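Notes to accompany the following structure.
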Amino acid sequence: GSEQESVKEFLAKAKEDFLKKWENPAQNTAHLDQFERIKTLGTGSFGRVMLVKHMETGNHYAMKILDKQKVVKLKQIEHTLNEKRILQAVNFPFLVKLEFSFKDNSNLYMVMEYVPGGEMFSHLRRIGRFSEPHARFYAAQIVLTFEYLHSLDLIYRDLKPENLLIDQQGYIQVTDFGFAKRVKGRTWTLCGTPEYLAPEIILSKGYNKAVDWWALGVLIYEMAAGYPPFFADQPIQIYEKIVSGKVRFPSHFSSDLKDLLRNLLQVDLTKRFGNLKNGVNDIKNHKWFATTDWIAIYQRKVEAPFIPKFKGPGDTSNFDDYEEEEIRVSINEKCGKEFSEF
Amino acid sequence: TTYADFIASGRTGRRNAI
Ligand SMILES: c1nc(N2CCC3(CCCCN3)CC2)c2nc[nH]c2n1
């Protein structure tokens with residue numbers, strides 16, 4: 001029949017599920033003492049992401065720790081509340097699942113599914129670049145994820161290989177919703193990663209979901225070339241390159257890839273793919289995606305081009321090593337009012 | 001080459017958000 005009507009039906013039901021959780025968020029579903037801390041998997045501005053073991057079940061999880069005082073100093077209160085409120089309400093095959101959340105006197109905690117394959121960033125840098133079919137397999141998953149998120153009035157705002165984990169089946173799990181926002185109109189916050197910013201963000205204009213479509217163009221280029229389309233030693237030089245209106249493609253890029261990338265890395269919003277009358281369909285029906293079976297991808301039926309090595313449960317060999325700082329919980333509650341809804 | 005220019009740049013490591 002029409003795949004678009006099945007898509008509409010699917011999205012309508014997903015919105016109903018989302019709104020119930022969006023309106024009544026899960027809160028205080030575990031405690032720190034229920035987890036044994038094993039190893040730091042990564043760090044952020046507010047703290048570490050640690051591999052943990054849930055003692056009652058023996059399950060491994062990734063626990064994100066955010067120091068409330070550091071969130072406040074960085075003026076990230078609202079963004080932190082958006083992050084947990086959004087992540088607890090979403091549900092899609094390529095979005096990392098939030099299993100528990102809670103807080104104590106010092107910190108906020110988000111306990112998520114542990115994705116052991118490591119960041120796409122690690123594999124991309126080591127290998128050098130991904131072949132076109134390899135990059136297309138990952139790109140298809142972001143296209144579907146964005147179609148889902150945007151239907152919920154969500155903007156993701158931080159697409160990059162660092163934020164994409166590879167699961168045991170070789171599929172993507174998107175993490176890091178620190179800048180995600182539920183917004184119907186236009187928004188103005190200067191946020192994201194320099195190499196991935198759309199021109200409208202750099203130029204301090206009101207922007208919308210089209211910034212995630214521009215960031216998809218940067219991701220595809222990076223995966224297929226091994227380097228971003230706009231790079232320099234400092235962010236200001238990156239911004240000058242982004243606003244210039246010029247992109248150079250490697251000679252090995254197929255004609256179809258370049259065409260898709262010119263329509264994604266498009267300064268003109270009345271011309272950027274994902275932003276027109278046909279919406280996501282301009283991307284899904286592009287020639288570069290002709291061999292992509294969208295349903296088979298969503299159903300996880302497609303054989304992945306790369307399966308990460310798995311030594312066993314709790315193995316962290318696909319992640320870099322980090323300095324370990326022991327968690328401290330103050331005897332006094334910090335920033336209680338600011339994080340009341342968490 | 002552009003690859004050599006990228007590899008010699010200070011931005012091949014993990015990138016932080018603004
Ligand atoms: C494994 N590792 C995770 N980490 C958090 C995100 C990370 C660290 C911070 C920058 C982006 N990448 C990598 C480790 C997970 N976050 C959720 N599930 C996870 N499984």
Side-chain angles (χ1 to χ4, degrees), chain A residues 14 17-55 57-71 76-96 98-117 119 145 149 152 154 156 163 165 167-168 172-180 182 313-316 319 322 324 326 328-330 333-336 338-342:
Chain A
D17 297 339
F18 172 80
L19 291 174
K20 281 171 215 178
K21 297 179 174 193
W22 171 258
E23 295 303 349
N24 190 18
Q27 183 177 24
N28 195 43
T29 56
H31 186 281
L32 184 68
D33 299 342
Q34 290 166 1
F35 310 87
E36 179 185 285
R37 298 180 293 280
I38 304 161
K39 198 168 191 304
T40 298
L41 300 166
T43 58
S45 333
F46 329 114
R48 48 196 78 248
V49 175
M50 297 197 72
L51 168 68
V52 301
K53 189 167 174 195
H54 191 241
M55 283 125 55
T57 65
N59 290 327
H60 282 93
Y61 296 108
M63 175 192 272
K64 181 166 176 178
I65 314 165
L66 301 88
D67 182 310
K68 289 183 273 171
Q69 294 185 318
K70 297 187 172 167
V71 171
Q76 299 302 309
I77 304 160
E78 202 65 42
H79 286 164
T80 293
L81 303 174
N82 287 341
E83 176 181 6
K84 177 258 165 171
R85 192 178 178 187
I86 295 163
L87 197 59
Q88 64 85 40
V90 298
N91 166 47
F92 200 68
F94 322 121
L95 296 176
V96 81
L98 176 70
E99 299 284 356
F100 315 96
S101 76
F102 51 95
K103 66 205 185 193
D104 56 30
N105 282 348
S106 287
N107 307 311
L108 311 165
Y109 303 95
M110 289 173 271
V111 178
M112 295 157 287
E113 183 174 328
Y114 173 51
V115 192
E119 300 174 0
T145 300
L149 292 176
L152 306 180
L154 304 169
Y156 175 65
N163 288 349
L165 301 166
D167 65 26
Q168 287 159 257
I172 284 171
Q173 293 272 295
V174 177
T175 70
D176 291 78
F177 284 76
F179 300 100
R182 194 168 182 239
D315 179 61
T316 65
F319 293 91
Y322 288 89
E324 299 286 349
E326 218 310 66
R328 206 201 154 251
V329 183
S330 172
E333 193 196 54
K334 311 303 182 178
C335 325
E338 295 92 326
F339 300 99
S340 204
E341 80 173 48
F342 190 102

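Proteins get letters first, then strands, A, B, ... in listed order; numbering begins at 1 in each.
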Between [X] and [Y], is any pair of side-chain heavy atoms under 4.5 Å apart?
| X | Y | value |
| --- | --- | --- |
| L165(A) | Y114(A) | no |
| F339(A) | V71(A) | yes |
| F100(A) | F35(A) | yes |
| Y109(A) | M50(A) | no |
| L32(A) | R37(A) | yes |
| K68(A) | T80(A) | no |
| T316(A) | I38(A) | no |
| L149(A) | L95(A) | yes |

- Passes side chain to side chain contact (heavy atoms under 4.5 Å, CB included), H54(A) versus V111(A)? Steps please. CA-CA 10 Å; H54(A) 191 241; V111(A) 178; over 6 Å; no
Donor-acceptor contact present, side-chain [X] to main-chain [Y], <3.5 Å:
| X | Y | result |
| --- | --- | --- |
| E99(A) | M112(A) | no |
| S101(A) | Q27(A) | no |
| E23(A) | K20(A) | no |
| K103(A) | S340(A) | yes |
| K334(A) | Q69(A) | no |

How far apart are the closest heavy atoms of [X] and [Y], and which atoms are they?
| X | Y | value |
| --- | --- | --- |
| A180(A) | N82(A) | O-CB, 3.4 Å |
| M110(A) | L98(A) | CB-CD1, 3.6 Å |
| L108(A) | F342(A) | CB-CZ, 3.7 Å |

Find the distance between [atom1] ([X]) and [atom2] ([Y]) and round it off to the nearest 0.5 Å.
| X | Y | atom1 | atom2 | answer |
| --- | --- | --- | --- | --- |
| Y61(A) | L51(A) | OH | CG | 12.0 Å |
| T40(A) | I65(A) | OG1 | CD1 | 7.0 Å |
| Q173(A) | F92(A) | CD | CZ | 11.5 Å |
| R182(A) | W22(A) | CZ | CH2 | 6.0 Å |
| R48(A) | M63(A) | CZ | CE | 13.0 Å |
| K39(A) | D315(A) | NZ | CG | 10.0 Å |

- Apply side chain to side chain contact (heavy atoms under 4.5 Å, CB included) to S45(A) and list each qualifying residue two or more places apart in sequence or on a separate chain.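 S45(A) satisfies side chain to side chain contact (heavy atoms under 4.5 Å, CB included) with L74(A) once adjacent residues are dropped.
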- Test side chain to side chain contact (heavy atoms under 4.5 Å, CB included) applied to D176(A) - qualifying residues, sequence neighbours left out: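 Checked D176(A) against side chain to side chain contact (heavy atoms under 4.5 Å, CB included); matches are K64(A), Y156(A), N163(A).
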- Using the side chain to side chain contact (heavy atoms under 4.5 Å, CB included) rule, take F46(A) and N107(A) through it: C-alpha gap first, then chi angles, then the decisive distance, then the call. CA-CA 9 Å; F46(A) 329 114; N107(A) 307 311; over 6 Å; no
- Task: Take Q76(A) and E83(A) through the side chain to side chain contact (heavy atoms under 4.5 Å, CB included) test and state the conclusion after the steps.
- Result: CA-CA 10 Å; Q76(A) 299 302 309; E83(A) 176 181 6; over 6 Å; no
- Is the shortest side-chain N to carboxylate O distance from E341(A) to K84(A) below 4.0 Å?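 Salt bridge absent between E341(A) and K84(A).
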- Message: According to ring-ring contact (aromatic ring centres under 6.0 Å, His included), who are the partners of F179(A), at least two apart in sequence or on a separate chain?
- Response: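 Only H79(A) meet the ring-ring contact (aromatic ring centres under 6.0 Å, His included) criterion with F179(A).
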- Message: side chain to side chain contact (heavy atoms under 4.5 Å, CB included), that's the test. Do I172(A) and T145(A) meet it? Break it down for me.
- Response: CA-CA 10 Å; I172(A) 284 171; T145(A) 300; over 6 Å; no
